[PDB]
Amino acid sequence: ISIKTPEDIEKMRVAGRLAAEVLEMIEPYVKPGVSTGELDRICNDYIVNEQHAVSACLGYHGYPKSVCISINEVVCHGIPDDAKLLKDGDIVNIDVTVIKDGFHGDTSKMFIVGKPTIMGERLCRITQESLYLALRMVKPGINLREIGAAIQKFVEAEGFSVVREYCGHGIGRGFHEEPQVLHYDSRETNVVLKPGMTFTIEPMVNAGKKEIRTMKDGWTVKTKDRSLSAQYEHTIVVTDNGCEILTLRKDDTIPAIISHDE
């Protein structure tokens, strides 16, 4: 597994901040009646013309848009569409990845449009809380297995399920690098964290059953039972005594630097 230098890590601070700032920028546009196609153009224009960066998703394995915008029962990889309008009660993930100065920053959050439904709000909250509990566990010497097991235990106790596919991932000069960061317990996982590892945690949580389905368009992933699904993602670096969140936003309610030292 690659170990980032202080120079590499500073570049990941910059890229992570940019990816966060896309999400802070787009918020006032996420309203009933807006199209997801429009949101994607606003994001790409900002990334290119203001941040002077590029979207990692655009063209990636042929993907036609710059961000992924996933609504309701869509689990991930929702394709921005000029005809797809947001409406009251929708839960919406926007997942951003930018490359700046050769390094990637990858982050997503949920937006609830108009008046929340109670179940949508709870699903989003439990999903963020599962990410936060995982972030609290990251420090050198901990095994990724312990973190995946903990996300799953927490989510399942709420009556929700964890998507097994699409895991978190190492990240740096490459969009996806070792390790795989599973959001569930597996005997295969034996990665003892070391300072300078950079990776994402990005749990997808379904209100219903865990199983998923890819649509005929070749991209869009939905819950098999058409239950709601939510995701949040941060890029982090492991430090000598904990971690540092590289994609933190003003609306996050966890500190950027988490220290396990007395």
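For clarity, a rigid core is taken as the largest C-alpha set superposing within 1.5 Å between two forms. One-based numbering along the sequence shown.
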- Which of 59-67 and 228-236 strays further in 9 other deposited structures of this protein - Cα RMS after rigid core alignment: 59-67
- After fitting on the rigid core, which stretch moves more in 9 other deposited structures of this protein, 185-193 or 132-140, going by C-alpha RMS? 185-193
- Message: Mean Cα B factor from the PDB record: higher for 23-31, or higher for 49-57?
- Response: 49-57
- Assert higher mean C-alpha B factor (165-173 or 93-101, deposited values) equals 165-173
- Message: Among the choices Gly159, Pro80, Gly120, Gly141, identify the one whose CA B-factor in the record is greatest.
- Response: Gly141
- Of the choices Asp106, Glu146, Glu73, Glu129, which one's C-alpha carries the largest B-factor in the record? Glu146
- Query: Is the Cα B-factor recorded for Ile112 in the lowest, middle or highest third of its chain?
  - Reply: lowest
- Query: When the modelled residues of the chain are sorted by Cα temperature factor, does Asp40 land in the lowest, middle or highest third?
  - Reply: lowest
- Would you please rank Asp252 by its C-alpha temperature factor against the other modelled residues of its chain and give the third it falls in: lowest, middle or highest? lowest
- Task: Could you look up the Cα B-factor of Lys222 in the entry and say which third of the chain it sits in: lowest, middle or highest?
- Result: middle
- State the tercile, meaning the lowest, middle or highest third, of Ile212 with respect to the CA B-factors recorded for its chain. middle
